[PDB]
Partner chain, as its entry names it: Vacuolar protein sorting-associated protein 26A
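The chain that follows stands alone, in the form solved without its partner chain, written as structure tokens.
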């Protein structure tokens, strides 16, 4: 089920990579049997980094960034939202 994680930047940034489509919207695809528009996802987690310690895992799909729904969002929208705070990030994620 979707869950919320709070992450504070360390020396190393947040310690994850985000990957997904450049465009908006597109073909529906279910995640764990729940229907969604395309979702950006976590493509890497730095061992021992902030995201790792918050329990973010490779493959986690990103549903919200800083309380903003990012279902179907562009990669730029998600990157810019991740950058909204000076040091804190809140994500709603879905593990696969």
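Numbering follows the first chain given and starts at 1. Just so we're on the same page, rigid core means the largest C-alpha set that superposes within 1.5 Å between forms.
S.K.: Of 46 to 54 and 61 to 69, which one has the bigger average CA B-factor?
M.R.: For C-alpha atoms only, the mean B-factor is higher in 46 to 54.
S.K.: Tell me which stretch has the larger mean Cα B-factor in this entry, 4 to 12 or 87 to 95.
M.R.: 4 to 12 has the higher mean C-alpha B-factor.
S.K.: Just say lowest, middle or highest third for the CA B-factor of residue 35 relative to the other modelled residues in its chain.
M.R.: It belongs to the middle third of the chain when residues are ordered by C-alpha B-factor.
S.K.: Residue 77's Cα B-factor: lowest, middle or highest third of the chain?
M.R.: It falls in the middle third of the chain.
The next section is about a form of this same protein that is not shown, the form solved in complex with its partner chain.
S.K.: Do residue 24 and its partner chain share at least one heavy atom pair within 4.5 Å in the deposited complex?
M.R.: Residue 24: yes, in contact with its partner chain in the deposited complex.
S.K.: Using heavy atoms and a 4.5 Å limit, would one call residue 69 a contact residue for its partner chain in the deposited complex?
M.R.: Residue 69 lies outside the contact set for its partner chain.
S.K.: Using the arrangement in the deposited complex, list in sequence order the residues of 22 to 51 with any heavy atom within 4.5 angstroms of its partner chain.
M.R.: Contacts from 22 to 51: 24, 25, 26, 27, 28, 29, 30, 32, 33, 35, 37.
S.K.: Using a superposition on the rigid core, decide whether the Cα position of residue 34 changes by 2 angstroms or more between the shown form and the other one.
M.R.: Yes, its C-alpha moves 2 Å or more.
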